[PDB]
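Chemist: Chains Y and X, in that order, are what the protein sequence lines are.
In the numbering used here, each number is its position in the first sequence, counted from 1, plus 3.
In the numbering used here, each number is its position in the second sequence, counted from 1, plus 3.
Ideal Cβ positions, reconstructed from N, Cα and C, are used throughout, including at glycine.
2 protein chains.
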Amino acid sequence: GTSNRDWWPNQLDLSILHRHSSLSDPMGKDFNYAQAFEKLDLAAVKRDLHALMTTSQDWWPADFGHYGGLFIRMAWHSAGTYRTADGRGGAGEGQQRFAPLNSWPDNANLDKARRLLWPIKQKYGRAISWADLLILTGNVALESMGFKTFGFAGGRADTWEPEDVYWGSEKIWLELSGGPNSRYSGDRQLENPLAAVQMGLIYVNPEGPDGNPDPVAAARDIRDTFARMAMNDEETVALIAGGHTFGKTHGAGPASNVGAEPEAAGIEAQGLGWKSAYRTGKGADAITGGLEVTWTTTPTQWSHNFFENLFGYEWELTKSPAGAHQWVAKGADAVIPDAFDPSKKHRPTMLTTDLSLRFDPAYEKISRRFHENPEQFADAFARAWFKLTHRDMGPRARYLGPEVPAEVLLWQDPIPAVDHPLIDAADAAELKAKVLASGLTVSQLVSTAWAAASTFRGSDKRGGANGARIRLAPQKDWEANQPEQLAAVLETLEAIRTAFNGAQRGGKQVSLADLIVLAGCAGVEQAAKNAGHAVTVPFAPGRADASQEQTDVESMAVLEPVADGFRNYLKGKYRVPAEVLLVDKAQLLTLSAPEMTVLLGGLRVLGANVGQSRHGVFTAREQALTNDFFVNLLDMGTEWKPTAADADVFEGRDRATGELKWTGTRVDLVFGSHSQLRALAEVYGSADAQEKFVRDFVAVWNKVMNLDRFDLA
Amino acid sequence: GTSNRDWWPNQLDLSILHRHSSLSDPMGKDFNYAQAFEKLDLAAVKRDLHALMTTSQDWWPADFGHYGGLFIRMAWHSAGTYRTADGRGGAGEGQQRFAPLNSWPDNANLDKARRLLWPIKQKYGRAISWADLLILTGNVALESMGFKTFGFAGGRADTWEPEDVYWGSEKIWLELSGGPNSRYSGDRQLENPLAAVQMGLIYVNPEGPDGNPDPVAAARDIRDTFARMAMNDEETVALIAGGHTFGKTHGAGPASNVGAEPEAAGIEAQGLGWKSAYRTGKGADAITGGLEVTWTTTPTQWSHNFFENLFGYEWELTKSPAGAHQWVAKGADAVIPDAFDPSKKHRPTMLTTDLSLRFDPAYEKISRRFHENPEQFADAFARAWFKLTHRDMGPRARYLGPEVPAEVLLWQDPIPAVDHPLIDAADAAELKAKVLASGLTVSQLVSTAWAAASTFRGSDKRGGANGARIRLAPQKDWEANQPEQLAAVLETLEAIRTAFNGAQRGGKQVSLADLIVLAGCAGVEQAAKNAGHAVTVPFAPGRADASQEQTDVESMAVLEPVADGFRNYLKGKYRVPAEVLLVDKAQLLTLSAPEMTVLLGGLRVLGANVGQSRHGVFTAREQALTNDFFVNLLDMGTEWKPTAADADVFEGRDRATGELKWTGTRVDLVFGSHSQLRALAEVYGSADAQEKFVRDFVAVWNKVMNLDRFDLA
Ligand code: HEM
Ligand code: HEM
Ligand SMILES: [Cl-]
Ligand SMILES: [Cl-]
Ligand code: NA
Ligand code: NA
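1) Which of the three DSSP states, helix, strand or coil, is assigned to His328 (chain X)?
2) Is it true that the CB of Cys524 (chain Y) sits closer than 8 Å to the CB of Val513 (chain Y)?
3) Could you name the residues, in chain order, whose CB is less than 6 Å away from a heavy atom belonging to ligand 5?
4) Would you tell me roughly how many angstroms separate the C-alpha atoms of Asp224 (chain Y) and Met232 (chain Y), rounded to the nearest one?
5) Among X:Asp657, X:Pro645, X:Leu489, X:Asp649, which one has its Cα closest to the Cα of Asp638 (chain X)?
6) Does any C-beta atom of chain X lie closer than 8 Å to the C-beta of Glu271 (chain Y)?
7) By how many angstroms is the C-alpha of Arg460 (chain X) removed from the C-alpha of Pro424 (chain X)?
8) Since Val331 (chain X) meets chain Y, which of its residues come closer than 9 Å, beta carbon to beta carbon?
9) Please list, in chain order, the chain B residues whose beta carbon lies closer than 7 Å to that of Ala690 (chain Y).
10) Is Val207 (chain X) close to ligand 2? I mean its beta-carbon at under 7 Å from any heavy atom of the ligand.
11) Is the beta carbon of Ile290 (chain X) less than 8 Å from the beta carbon of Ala255 (chain X)?
12) State the CB to CB distance for the pair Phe633 (chain Y) and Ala684 (chain Y), rounded to an integer number of angstroms; the pair is presumed to be in contact (CB under 8 Å).
13) Just checking: is the beta-carbon of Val652 (chain X) within a distance shorter than 8 Å of some beta-carbon in chain Y?
14) Taking 8 Å as the threshold (beta carbon to beta carbon), is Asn105 (chain X) in contact with chain Y?
15) Report the start-end ranges of each beta strand (DSSP E) in the stretch 334-413 of chain Y that is 3 residues or longer and not cut off at the edges.
16) Apply the 10 Å Cβ neighbour rule to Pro216 (chain X) and answer buried if 16 or more other Cβ atoms are within range, or exposed otherwise.
17) According to the neighbour-count rule (16 or more other Cβ atoms, all chains shown, within 10 Å of its Cβ), is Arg508 (chain Y) buried or exposed?
18) For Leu120 (chain Y), does the three-state DSSP call read helix, strand or coil?
19) Closer than 8 Å between beta carbons: that is the criterion. Which residues of the stretch 537-551 of chain Y meet it against chain X?
20) Going by beta carbon distance, what residues of the same chain come within less than 8 Å of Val207 (chain X), once the five residues before and after it are set aside?
21) So, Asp161 (chain X) versus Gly93 (chain X), is the Cβ gap smaller than 8 Å?
22) Since I believe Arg465 (chain X) is in contact with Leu562 (chain X) (beta carbons under 8 Å), could you give me their beta-carbon distance rounded to a whole number of angstroms?
23) Excluding the 5 residues flanking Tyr316 (chain X) on each side, which residues of the same chain have their C-beta closer than 8 Å to its C-beta?
24) Of the residues Y:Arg472, Y:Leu521, Y:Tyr577, which one's Cα is nearest the Cα of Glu552 (chain Y)?
25) Could you tell me which chain Y residues have their CB closer than 8 Å to the CB of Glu266 (chain X), listed as they occur along the chain?
26) Measure from the C-beta of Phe569 (chain X) to each C-beta in chain Y and report whether the shortest distance is under 8 Å.
27) Spatial neighbours of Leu628 (chain Y) within its chain, please: C-beta separation below 8 Å, excluding the five flanking residues on both sides.
28) Quick one: does the C-beta of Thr622 (chain X) sit closer than 7 Å to a heavy atom of ligand 7?
29) Decide yes or no for the touch test of the stretch 566-585 of chain Y against the stretch 448-463 of chain Y: beta carbon pairs closer than 8 Å, at least 3 of them.
30) Tell me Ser188 (chain Y)'s beta-bridge partners as DSSP assigns them.
31) Let me know the secondary structure DSSP gives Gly256 (chain X) once reduced to three states.
32) Quick check: the Cα distance between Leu672 (chain Y) and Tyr85 (chain X), rounded to an integer number of angstroms?
33) Below 8 Å on C-beta distance, what does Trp121 (chain X) contact in chain Y?
34) List in chain order: all unbroken alpha helix (DSSP H) runs of 4+ residues lying wholly within the stretch 449-519 of chain X.
35) Whose C-beta lies closer than 8 Å to the C-beta of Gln615 (chain Y) among residues of the same chain, with five residues either side of it excluded?
Rendered as C-alpha cells:
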C-alpha cells in the first residue's frame with residue numbers, strides 16, 4: 004500500500020509531535036505514576052527480585068545458576084542508548100521493550116531477561132513501571148552478588164510506543180564504516196547526534212573498530228562513544244571493569260544458527276527472538292553475540308579478579324567457536340569455571356575492548372590505580388553505575404522512593420533548596436511594574452525569558468529556566484543568547500532584584516531565576532496591552548539560583564541551541580533543512596504542532612528574533628501581541644521568491660505592484676507551504692481568531708516557562 | 004534516517020488507530036463544530052460565494068469570466084474519492100486539502116480553486132469548515148449558473164491530518180494496468196476496496212481504458228467505478244452529463260511544461276503546484292489534464308446543450324495540443340465560445356467517456372430520455388449531486404442548517420421518527436431482569452448486540468444498531484450473524500417487547516432496536532455478576548425500528564463483516580493477514596489500540612465467537628467478565644505452535660508436560676506477539692487490573708453501542 008512517505012520521502016514529518024497521545028495510552032487521563040510508585044512496597048519487590056536471581060527457567064537456563072550477569076547487561080543496555088547531543092535514548096522511558104531497540108543485535112537475548120521479569124511486573128502492576136523495573140533489577144543483581152550500590156530512584160513512567168529517534172541512516176544491521184550511509188567521515192569522526200559505532204550497537208564493536216582487533220584503536224572508539232554518553236575516562240574504566248567482573252559472553256557455535264530477531268519472528272514466538280538451531284539453543288549452547296569469554300574466577304560474585312587477570316597475564320589473539328576475535332591468557336591454568344559443567348574449567352579470556360583498559364596509556368593509569376586500590380574501584384563503579392542509570396531522569400525533584408542518595412552530584416545540574424518565603428501575587432504585580440518602568444522593551448524581556456527557558460529538553464529533562472544558568476558560563480556567552488544584549492538585561496534585572504530584596508522583611512526574597520521569567524511575563528502582558536487586549540500571564544514562583552560551581556561548563560555545552568527556529572536562528576549551515584530542525588526543537592520542548600505554530604507566530608511579532616532580524620516579522624506593529632504573522636503570511640496578494648544572494652531567504656512582493664513587503668526564511672515560509680502546517684496557520688489567521696491566538700499564545704508561553712518545574716508536579 | 008517501517012516492512016501498523024488526537028487539533032477540547040455552524044449566516048456566505056464566481060484573479064484567470072465550472076469540478080473531486088467497499092474517501096472530512104489528495108494528478112489546479120476560497124474561509128473562520136465550504140461552493144456555482152439544487156446540509160467538521168487509506172499499491176502516478184502492482188486481474192476485475200482505474204485518478208481515464216479511445220469499452224470502466232461509488236446507471240449518466248454542461252478542460256500545450264505537484268513543489272510556491280512553463284502558464288494557456296474540450300455553447304449557463312451536441316453530431320477522433328485523444332464534430336459550425344478571446348469560436352468537442360453515454364446500449368437509453376426530457380435530466384442530476392456530495396455524511400440527524408431537504412431518501416438508510424415517551428431507568432432495569440429471566444444466555448445476548456452494533460463504520464457513518472436492521476434482509480442472513488441462533492434470540496426479545504409495550508399506559512413503548520442493545524447490556528451486567536462484580540452498564544434509549552421497505556438490500560451488502568476479529572471470524576481466505584484486518588475493523592469502529600485490546604479480550608471470554616469456536620477462549624469460566632484472556636495469553640508456562648492442519652491456527656501446550664491447554668488464531672496471538680499490543684495486554688493481565696479491565700470493557704462496549712447515536716450529539 005503506497006503511502007505519503009513513499010511519494011514525498013523528504014517531506015517534513017509532524018507525527019513525531021503527536022506521539023504519546025492519550026489515544027495510545029492504556030492508563031486513564033488522571034493516572035499519576037509517581038503516586039502509584041510512592042505507595043509500592045519497594046522492599047517486597049526487591050525480595051522477589053533476589054529470589055528470581057537463582058530461579059532458573061528451562062527455556063533460558065541461568066549461567067552458573069544465577070541470572071545476575073544477564074540482568075546487569077540488561078540494565079546497562081537499557082541505559083546505554085543515551086546520547087548527550089540530544090538527550091534521546093537512555094533508560095528513562097523503558098524503550099528497550101519496543102522497536103527498534105528490542106531487536107537490535109546488541110540486545111540479543113535481552114528479550115529472555117525481560118520475559119523472566121514478567122511474573123514480578125504482573126504481581127506489582129501499575130505501581131512499578133517496566134522502565135524502573137529494568138534498572139531496579141540491575142541493582143538487585145549487583146547487590147545479590149556482593150556489590151553495594153550507591154542508591155536508586157524510581158519515577159521513570161512507562162511509554163506506550165516507540166520514540167522517534169535518529170539512530171543513523173544505514174540500511175544494513177551492523178554495517179561497517181565507509182558505506183553509502185556511513186556514520187563516519189574524516190579522521191574517524193562520528194556524526195552527531197550518534198553515539199555508537201555501528202547500527203544496532205550500544206557503544207563499540209567488542210572485536211575492535213570495524214572488527215579489527217587492535218585494543219589501542221578500540222580505546223579511541225570507547226573514549227569517543229562514552230564521552231558522547233556523558234562519561235569521562237575514570238567513569239568509563241570503572242563501568243567496563245565493573246560490569247565485566249560479572250557473568251560471561253555467549254558464542255558456543257556459528258552465528259548462522261541464530262534466527263529472526265523479535266520484530267521479524269513468527270507470531271508463535273510470542274514476543275521473543277533469536278531462536279537458535281545450535282544444539283539445545285540455550286544454556287551451555289547459548290549464542291548471543293558470538294564471543295565466548297568469561298572474565299573472572301567467580302562470575303557470580305564481586306571480586307578484584309578482573310584487574311588481576313588483565314595485568315597478571317599476557318594475551319594472545321584467538322577466535323571463539325563462532326569465529327569472532329577474542330583473547331586468551333598465555334600459559335595460564337584452567338582456572339575459570341564453566342557455566343553448567345562442574346567438571347570443566349577454562350583459561351582466562353578477554354575482549355579486545357577489555358585490553359583497551361590496559362593498552363591505552365590514559366586508561367592504563369586508571370586501571371592500575373583501581374588494581375592497586377580496589378576500594379577506589381568499588382566506589383567509582385558504584386557512582387558511575389548510579390550516573391549511568393539516572394543520567395536521563397532530570398532534576399532530583401523527580402526521584403522517588405526510599406533509596407534515593409542524599410549526596411548531590413554535579414551531573415544532576417543541581418538547584419539549591421529554597422529556604423525562604425516566596426513572593427506572592429501582590430509582590431509579583433509590584434515587580435512587573437518595576438520591570439516595565441525600567442525601560443526594558445517587550446523584545447528584550449520576551450527574548451531573555453525565551454533564552455532562559457527554551458534550553459529545556461524532554462528527552463533527558465535537562466535545561467529550563469530553573470537555576471538562572473543564563474547568567475553563568477557557558478549560557479551567557481552563547482551566540483543565540485545575544486551576549487551583549489543579555490548582559491544589559493541581566494544588569495537591569497539584578498538591580499531590580501537587589502532593591503526588592505533589600506526592602507523585604509522576614510526572609511522574603513526573589514531569585515534572579517524567577518525574576519527573569521516574571522519579567523518575560525510582564526513583556527507578554529505589555530505586548531498584549533499594546534494590541535488592545537487585557538491579559539494576565541500566569542506565574543509560579545519557586546525557582547532558585549544555582550552557582551557556577553554547580554554548573555559543569557562542558558556538560559552544559561550540549562544544550563547550546565545551534566538551531567532555534569523560534570528565534571529564526573541558525574548558527575551555521577547544516578545538512579538538515581531548517582524546518583526539520585524546527586520540528587526537532589519543538590519535540591524536545593514537548594510541543595504539539597498547534598503549540599509550535601502559535602508560539603512561533605507570536606515570538607515573531609514580539610521581537611524575539613536573534614539580531615532583530617526582520618525575517619518573518621510580518622507585522623507593522625512589532626511588540627504588539629497579534630495574529631499578524633498568520634494573516635500576512637497567508638495573504639495571496641503577496642508572491643514569494645528565493646533571493647539571488649541566499650536560496651534560503653525569500654522576498655515577499657506585492658503581486659500587482661512588485662513592491663517589497665517582507666522577507667522570510669524557510670522556517671517562516673514552511674507555515675504557508677506544508678499542508679498540515681498551513682491548515683493550522685489558517686485557524687490562527689482567520690477573522691474570528693485574534694482572541695484565540697492570544698489565549699493559546701499565553702498558554703504555550705506559560706508551558707515553556709514551567710517545563711522544568713518538577714517541584715510543582 | 005532509517006525507521007521501524009524500513010527494518011520490518013510487514014509489521015502491523017497501529018498508528019492508524021491514533022490519528023486524530025487532541026494533540027494535532029488546533030481547536031480546543033470543547034469545540035463543537037455543529038454549534039458554530041448553526042450560528043453561521045449561511046445566506047451571507049452564499050452571497051460572497053456568488054460574487055466570487057465572477058471576480059477573476061490574475062494569478063488564475065477565470066475561464067469565460069466565471070469560476071463556476073472549476074468549482075463544480077472541485078466539489079465533484081472532493082466527493083468523488085468515495086468507495087462503498089469501506090466507506091473511505093468522500094467529501095465528509097475535507098481531505099482534498101491534505102496529502103496525497105491535494106497532489107493527485109486528477110486534482111491538478113484544484114489547489115488554485117481552494118486558494119480562491121481562502122478570503123471567504125478567513126472571513127467566516129471556524130463557523131464554516133473547509134469540508135462544508137468545498138461542497139457549498141459547488142452548490143453556489145450551480146445556482147449562479149441557473150441550476151436549481153436539491154439542497155445542502157452542513158456538518159462536516161474539519162480534520163487536521165491525512166486519513167490512512169489504501170489507494171492502491173502502484174509506485175508510479177497513473178500507471179497503466181498490468182504492471183507489477185496491477186489493480187486489475189482476470190477479466191478486468193478491479194481489486195476491492197478500490198474504485199478508480201489508475202493511481203491518482205477519481206474514477207476513469209478520460210481518453211479511454213489505459214488510454215485506448217474506445218467509448219464502448221470506456222463505458223464498462225465508468226459503470227464499474229461508479230457502482231463502486233454507489234451510483235447506478237441513471238445517476239451516473241445524470242452526473243457526467245450534468246457536470247459537463249459546464250466549463251472546459253485545459254490542454255493548451257504539452258504536459259511536460261507542467262512542474263511539480265504541490266507536495267513536491269518548492270516552499271516559495273506556498274502550497275500551490277503544477278507551475279507551467281507554457282506561455283503565460285494560466286488562463287488561455289492553462290494546462291491541467293491535457294485535454295482541450297469545451298462541451299457547450301453556453302459554458303457558464305445550465306442548458307440541455309450537452310445532449311443536443313452528443314446526439315446532434317457525428318464524432319471523429321482527434322488530438323488535443325498536448326497530444327491526448329478526444330473527439331470533434333467536423334460537420335459543425337464554430338459555435339462554442341473561446342474562454343478568453345471574444346473573436347474566436349470552436350467546434351463542439353467531447354471526451355471518449357462522454358461518447359460512452361451515447362454508444363453503450365444501456366447508457367444510450369438513459370441519455371436519450373434525458374435528451375428528450377431535460378426536466379427529467381435536471382431532476383436526476385439535482386438528486387444525484389446531493390447524493391454524491393452527502394453520501395458519507397451519515398444519518399440525517401447530523402444534517403445542519405436551513406437548506407436541508409425534507410425528502411427522506413432510501414440511500415440514507417433512514418430511521419423513523421420517534422413520537423412516544425421513552426423508557427426510563429426503572430423500566431430499563433425491569434427489561435434487563437425480564438431478559439435475564441427468559442433463559443437467554445450471556446453469550447447469546449452479547450453476540451446479538453455485538454452483531455447489531457458492530458456494522459457501524461466511521462468512514463461514512465453508515466451502520467450501527469439504530470433501525471434494528473439486524474432483523475431484516477440482508478443482515479439477518481449474514482453468516483457472521485449466525486442466522487438460526489439470531490432468529491431464536493430475536494423471537495424471544497420480540498415477545499418480551501410485546502408484553503412490556505402492551506402493559507404500558509400513555510404511549511410509552513420500547514423499540515426492538517433499543518431492546519437488542521439493552522439486552523446486550525443485561526448480558527454484560529450478568530457476566531460481571533458471574534465474576535462477582537456488581538456493575539451497571541449505561542444505556543441510552545431512543546433508537547427506532549426501520550422497515551424492510553426503508554432498507555435497500557443491495558446497498559447494505561457492503562456492510563457485511565467478512566472479517567471480524569472481535570468474533571474470531573473470517574468468511575474465507577484473504578491475501579491480508581487476519582491481524583491486519585482486525586486493526587482495519589478497529590479503525591472503522593473508531594477504536595484506539597487500548598480499546599481494541601480490552602474489547603477483544605472481554606468478547607472472547609463472554610462467548611462472542613461465531614460458531615462457539617474455542618479459539619482464543621482462554622478461560623475456565625466462560626460467560627464471566629474477567630481478564631482471563633490476558634493472564635492466560637501472557638503465561639510463559641504455555642508454548643505455542645502452528646497446527647499441521649492449518650498454519651493460522653495455533654496450539655498452546657504446557658511447556659513442561661506437553662498437555663494441550665488452548666487453541667488460538669492469529670487474531671488471538673498477535674496480542675502476545677506485537678510489541679505494542681503485548682504492552683497493552685500486560686496492563687490488563689496484571690494482578691491489580693481486574694477493576695480496570697471491567698471498567699474499561701463496559702466503557703468501550705457502551706461506546707460501540709452508541710456509535711450511530713447522532714440524535715444524542
Ligand atoms: C566498551 C564497552 C563494552 C563492550 C564492547 C561490551 C561488550 C560485551 C559483550 C560483547 C558481551 C557479551 C554478550 C553475550 O554474548 O552474551 C557483554 C556482556 C556483559 N557486559 Fe559488557 N561491554 C561493554 C560495557 C559494559 C558495561 C558498561 C557494563 C556494566 C556496567 C557491562 C556489563 C556486562 C555484563 C554483566 C555482561 C555479561 C552478561 C551475561 O552474563 O549474560 N559491559 N559485554
Ligand atoms: C466519467 C467520469 C468523468 C470523467 C472521466 C471526467 C473527466 C474530466 C476531465 C478530464 C476534465 C478536465 C480537467 C481539466 O483539464 O481541467 C473534467 C472537467 C470537468 N468535469 Fe468531469 N469527468 C467526469 C465526471 C464528472 C462529474 C461526475 C462531474 C460533476 C457532476 C464533473 C464535472 C466537471 C466539470 C464542471 C469540469 C470542468 C472544469 C472547469 O471548467 O475548470 N465531471 N472532467
Ligand atoms: Cl528516546
Ligand atoms: Cl478517508
Ligand atoms: Na532520553
Ligand atoms: Na469516508
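Modeler: So, to answer that:
1) Strand.
2) No, Cβ-Cβ distance for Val513 (chain Y) and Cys524 (chain Y) is not below 8 Å.
3) Counting only heavy atoms of ligand 5, the residues whose C-beta sits closer than 6 Å to one of them are, along the chain, Y:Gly90, Y:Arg91, Y:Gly92, Y:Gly93, Y:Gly95, Y:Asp395, Y:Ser462, Y:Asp463.
4) So the alpha carbons of these two residues sit roughly 12 Å apart.
5) If we check each option's Cα against that of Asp638 (chain X), X:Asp657 comes out closest.
6) Taking Cβ atoms only, chain X reaches closer than 8 Å to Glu271 (chain Y), which makes this a yes.
7) Cα-Cα distance, rounded: 29 Å.
8) The premise fails here: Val331 (chain X) is roughly 36 Å from chain Y at the closest Cβ pair, so nothing lies under 9 Å.
9) Given the protein chain composition of this structure (Y and X), no chain B is represented.
10) Yes, Cβ of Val207 (chain X) sits closer than 7 Å to a heavy atom of ligand 2.
11) It is a contact, given that the beta carbons lie within the stated cut-off.
12) Separation of the CB atoms of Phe633 (chain Y) and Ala684 (chain Y) is rounded to 5 Å, and the pair is thereby assigned contact status at 8 Å.
13) For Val652 (chain X), the nearest beta carbon of chain Y is not closer than 8 Å to its own beta carbon.
14) Interface residue, yes.
15) Those beta strand (DSSP E) runs which fall completely within the stretch 334-413 of chain Y and span 3+ residues do not exist here.
16) Of the residues assessed, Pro216 (chain X) falls on the buried side of the cut-off, its CB having 16 or more other CB atoms within 10 angstroms.
17) By the 16-neighbour rule on beta-carbons within 10 angstroms, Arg508 (chain Y) is exposed.
18) In the structure shown, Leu120 (chain Y) sits in coil (DSSP, three-state: anything other than H, G, I, E or B).
19) Result list empty, no residue passes.
20) In chain order, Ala199, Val200, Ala221, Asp224, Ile225, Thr228, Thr356 place their CB closer than 8 Å to the CB of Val207 (chain X), counting only its own chain and leaving out the 5 sequence neighbours on each side.
21) Taking 8 Å as the Cβ cut-off, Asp161 (chain X) and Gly93 (chain X) do not qualify as a contacting pair.
22) Distance from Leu562 (chain X) to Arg465 (chain X) at the Cβ level is roughly 6 Å; contact confirmed, criterion being Cβ atoms closer than 8 Å.
23) In chain order, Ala332, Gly334, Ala335, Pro351 place their CB closer than 8 Å to the CB of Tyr316 (chain X), counting only its own chain and leaving out the 5 sequence neighbours on each side.
24) Across the set Y:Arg472, Y:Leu521, Y:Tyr577, the C-alpha of Y:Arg472 shows the shortest separation from the C-alpha of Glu552 (chain Y).
25) Residues of chain Y passing the Cβ test: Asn7, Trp10, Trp11, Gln14, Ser678.
26) Interface residue (Cβ-Cβ distance to chain Y less than 8 Å): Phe569 (chain X) is not classified as such.
27) Contacts found: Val527, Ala530, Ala531, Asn533, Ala534, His536, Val538, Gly605, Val608, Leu609, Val697, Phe700.
28) As presented, the structure is devoid of ligand 7, carrying ligand 1, ligand 2, ligand 3, ligand 4, ligand 5 and ligand 6 as its sole ligands.
29) At 8 Å Cβ cutoff, the stretches touch.
30) Per DSSP, the beta-bridge partners of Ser188 (chain Y) are Y:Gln192.
31) In the structure shown, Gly256 (chain X) sits in coil (DSSP, three-state: anything other than H, G, I, E or B).
32) Taking the straight line from one Cα to the other gives about 33 Å.
33) The answer, in chain order, is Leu637, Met639, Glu685.
34) Segments of the alpha helix (DSSP H) lying fully in the stretch 449-519 of chain X: 486-506.
35) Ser446.
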